[PDB]
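For reference, the structure discussed in these notes is given below.
Counting starts at 1 for both ligands and their atoms, following the listed order. When a residue number appears, it is its place in the shown sequence, counting from 1. Atoms considered below: every heavy atom in the structure, side chains included; atoms not considered: hydrogens, waters and symmetry mates.
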Amino acid sequence: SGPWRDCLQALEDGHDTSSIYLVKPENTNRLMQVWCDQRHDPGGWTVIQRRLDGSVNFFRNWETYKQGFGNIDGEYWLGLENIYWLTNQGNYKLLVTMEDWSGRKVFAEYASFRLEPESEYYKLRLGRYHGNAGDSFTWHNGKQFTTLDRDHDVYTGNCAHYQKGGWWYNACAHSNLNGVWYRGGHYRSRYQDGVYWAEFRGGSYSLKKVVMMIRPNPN
Ligand SMILES: [Ca+2]
């Protein structure tokens with residue numbers, strides 16, 4: 001309590017309880033609330049996205065993805081502008097944790113994760129992968145962000161109209177973590193628009209719980 005540059009700075013001053021914290025990145029006056037996961041190894045994780053229970057609508061427009069939406073103690077998207085300022089104050093790694101409907105938990109980690117500015121459509125910059133979920137994000141490396149009202153992908157249509165999220169769509173997605181949460185995992189739709197990570201359970205399986213979290217990775 002009392003704004004922190006990120007969840008790691010809060011942890012370093014003794015707040016090791018996972019909860020809601022106030023964050024203000026360096027070199028900005030941008031204040032935000034975040035959920036800090038201070039338990040997952042090694043602590044200091046700032047949650048930028050979380051799916052858990054289908055309570056929040058992720059089929060949203062650009063301004064909503066820019067500013068952030070959802071419930072900070074539940075499902076939410078932190079906001080492209082907030083994520084930009086966070087990821088540009090140092091080198092941050094990205095950890096994606098995922099759980100299927102049978103209790104299996106896997107992860108994908110990227111040693112660097114940065115977004116370009118809104119002037120560059122929040123283009124994704126991703127570093128090297130390790131994990132046991134398989135790498136379904138690197139296909140999206142270098143792609144701009146796309147929403148239902150702003151097409152910036154390399155598909156001749158708008159991928160958000162089909163995959164139903166806001167995402168760094170290519171043509172269209174190997175991961176669709178801002179897609180439609182389907183109870184029970186297995187689903188069938190005209191288009192694969194679920195919360196999927198293709199290398200783990202494929203495009204027709206919606207993951208029960210997903211977290212995208214970031215933390216300084218200084219080297
Ligand atoms: Ca397009």
- Looking at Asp153, pick out the N, O or S atom nearest to the Ca ion (ligand 1) and give its name.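 The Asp153 atom nearest to the Ca ion (ligand 1), restricting to N, O or S, is OD1.
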
Ring centroids only, cut at 6.0 angstrom: are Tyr169 and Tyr155 within range, meaning strictly under it?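 So the answer is no for these two rings.
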
Check: Looking at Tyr110 versus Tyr129, is the centre-to-centre ring distance below 6.0 Å?
Finding: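 Yes: the rings meet the under 6.0 Å criterion.
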
Query - Presence of N, O or S from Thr156 under 3.0 Å of the Ca ion (ligand 1) - result: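 Checking the Ca ion (ligand 1) against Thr156, no N, O or S atom falls under 3.0 Å.
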
- Task: Report the relative orientation of the aromatic rings in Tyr191 and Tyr162; use parallel for angles under 30°, tilted for 30 to 60°, perpendicular for over 60°.
- Result: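 Aromatic pair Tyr191/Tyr162 classed perpendicular.
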
If I take the Ca ion (ligand 1) as the centre, what angle separates the O atom of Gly157 from the OD1 atom of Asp151? Nearest 10 degrees is fine.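 The two atoms subtend 110° at the Ca ion (ligand 1).
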
- request: State, yes or no, whether a side-chain contact exists between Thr97 and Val210 at a heavy-atom distance under 4.5 Å.
  value: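 No, their side chains stay 4.5 Å or more apart.
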
